[PDB]
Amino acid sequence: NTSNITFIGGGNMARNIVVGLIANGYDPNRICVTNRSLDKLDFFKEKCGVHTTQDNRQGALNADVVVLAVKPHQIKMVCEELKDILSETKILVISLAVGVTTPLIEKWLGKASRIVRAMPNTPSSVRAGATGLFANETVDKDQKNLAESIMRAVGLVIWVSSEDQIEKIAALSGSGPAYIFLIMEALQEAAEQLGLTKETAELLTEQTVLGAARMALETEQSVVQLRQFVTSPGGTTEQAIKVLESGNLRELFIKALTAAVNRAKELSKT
């Protein structure tokens, strides 16, 4: 190892990843955060103890990895600002910009630009993010482990062979938390419909969701098999489940993710 990582933009996602790295003992001297405004840089400067600058070029100078963490409308401007610094350099660029495809990023940066596109989600802010990654052709294996490692600082990381699967990631893990929020609400309010106080129902619902997710993660069993541990033949759970299967949830979700992916394609910048 020996990687200088520069984050262009000092926003929420950059902060997520930087704090994740710092917390895992990543050398703070090997990190640079550039931001347009000074306020945000105070945090990175004082608390994180990483390098800060308001000059993207200075910031990117000598970096092995440049992470593009600016809002999507600023992505072309920052690229054009760094095209000369990053030209024929073998430097890895990680794009966090939603919707922005790699070929489009290549147009701005050069043709042999080494690009990884990340699709992280909101739970990144609580160190439980799910990130889908797509790697350019130019990206060498070392850089793929590097990209994966950096994004693992905020949660788990998967790869897709084709960049068109990113929109499917966005629809699943990108928009997924919202789905769970909706679910938790419905479940919460059902519990409250019975004689459970709002506070108890809220807490139990969240712990229940947390626990089922933890179990699924740390266990070999499928979610089907884990469901069996909960269900006794002719038991209470089985009756509640029969009702949930009444609602045709697989199909409900298929339409939901389809709507999401369709929208993602329309919003996709190429």
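So that there is no doubt, residue numbering starts at 1 and follows the sequence shown.
Colleague: Could you settle it for me: does 228 to 236 or 22 to 30 have the higher average Cα B factor in the PDB entry?
Modeller: According to the PDB entry, the answer is 228 to 236.
Colleague: Compare the mean C-alpha B-factor of 41 to 49 with that of 205 to 213 as given in the PDB entry, and name the stretch with the higher value.
Modeller: Looking at the recorded C-alpha B-factors, 41 to 49 comes out higher on average.
Colleague: Highest CA temperature factor in the entry: which of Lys168, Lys198, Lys76, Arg117?
Modeller: Highest C-alpha B-factor among the listed options: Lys198.
Colleague: Taking the values straight from the PDB record, which of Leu172, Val154, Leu96, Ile91 has the highest C-alpha temperature factor?
Modeller: Out of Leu172, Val154, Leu96, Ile91, the record gives the largest C-alpha B-factor to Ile91.
Colleague: Taking the chain's C-alpha temperature factors as the reference, tell me which third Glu245 falls into: lowest, middle or highest.
Modeller: It belongs to the middle third of the chain when residues are ordered by C-alpha B-factor.
Colleague: Could you say whether, by C-alpha temperature factor, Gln143 belongs to the lowest, middle or highest third of its chain?
Modeller: Middle third by C-alpha B-factor.
Colleague: Mind checking which third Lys269 falls in for C-alpha B-factor across the chain?
Modeller: As the PDB entry reports it, the C-alpha B-factor of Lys269 lands in the highest third of its chain.
Colleague: Which third, lowest, middle or highest, does the C-alpha temperature factor of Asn136 belong to within its own chain?
Modeller: Tercile = highest for this residue's CA B-factor.
Colleague: Taking the C-alpha B-factors as the PDB entry records them, is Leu61 in the lowest, middle or highest third of its chain?
Modeller: It falls in the top third of the chain.
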